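Heads up: the structure comes next, in C-alpha cells.
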Amino acid sequence: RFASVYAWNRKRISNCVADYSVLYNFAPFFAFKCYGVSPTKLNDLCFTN
Amino acid sequence: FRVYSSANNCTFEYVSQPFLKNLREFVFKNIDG
C-alpha cells in the first residue's frame, strides 16, 4: 500500500549493493525518466545514499 | 534492558557477529572519519 502524495513515503538506502538492474521486472514503465544520469550506466557509479 | 538514552534517530545501520586467564586487549582510533 502506497502513501498519499503529500505524505510521500521516503526511505534511505545505505550500506547495500544496489542492483539498479532489477528496478525492471516491475512494469513496461509508463515513465522511466532519468535526469542528470543515464538509465544504462547506473551500474558504473557508486554513491553515498 | 537496552535503554542508554532517549531521542535517538539513527538511520544508518551496521555490522553484526559480536566481538566476544582472559586478557582482552582492544584499541580504538579515528582517521579522517
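Name the single residue that is farthest from the other protein chains (Cβ to nearest Cβ) among those in chain B being over 15 Å from the mean Cα position of the chain (by Cα) and among the charged types (D, E, K, R).
Looking at residues that are over 15 Å from the mean Cα position of the chain (by Cα) and among the charged types (D, E, K, R), I get B:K21.
Would you mention how many residues in segment A:38-49 are part of a loop (DSSP other than H, G, I, E, B), under 12 Å from the mean Cα position of the chain (by Cα) and surrounded by 10 or more Cβ atoms within 10 Å (Cβ to Cβ)?
1
Which members of segment A:13-30 meet the condition of being more than 14 Å from chain B (Cβ to nearest Cβ) and under 15 Å from A:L42 (Cβ atoms)?
Taking segment A:13-30 first, the residues more than 14 Å from chain B (Cβ to nearest Cβ) are A:17-30.
Scanning segment A:13-30 gives A:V17, A:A18, A:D19, A:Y20, A:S21, A:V22, A:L23, A:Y24, A:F29.
Would it be correct to say that A:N9 is polar (S, T, N, Q), away from chain B (no Cβ under 14 Å) and part of a helix (DSSP H, G or I)? Before the answer, list the steps.
Numbers: polar (S, T, N, Q): yes; away from chain B (no Cβ under 14 Å): yes; part of a helix (DSSP H, G or I): no.
In short, no.
FYI the Cβ positions are ideal-geometry reconstructions off the backbone, even for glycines, and counts take in every protein chain you see. Computed from the coordinates by the stated procedures, all read-outs in this text should not be read as laboratory data.
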